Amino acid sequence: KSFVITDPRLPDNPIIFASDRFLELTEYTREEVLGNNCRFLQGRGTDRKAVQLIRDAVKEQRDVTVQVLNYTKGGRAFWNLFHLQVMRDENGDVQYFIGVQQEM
């Protein structure tokens, strides 16, 4: 599936891993995404009430499933059924955030 892995222990919670289907779906190149916060997929038509939720889940560090509007590198807009999950891989502490993306 399309998914990425982010490391919240780094400044701005950057994408450190992105599956191939993800790069296919967004039309970007691995060199472009890696190191960057995912928000670069949002645009003028993206609902901010949705982006607010995502922001909450992240800070509060919980799971969430939000439908958000994104734009490929080319400029084409698409619906993104986004699901968030926490890699509590630790012993309480959050180590990674896993995100699954689906063009819907």
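Residue numbers here begin at 1 and follow the sequence given.
- Checked against the record, the higher mean CA B factor of 65 to 73 and 37 to 45 lies with 65 to 73.
- In this entry, the higher average B-factor at the C-alpha atoms falls on 56 to 64, of the pair 74 to 82 and 56 to 64.
- The deposited CA B-factor of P11 belongs to the middle third of values across its chain.
- Per-chain ranking of the deposited C-alpha B factor places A18 in the lowest third.
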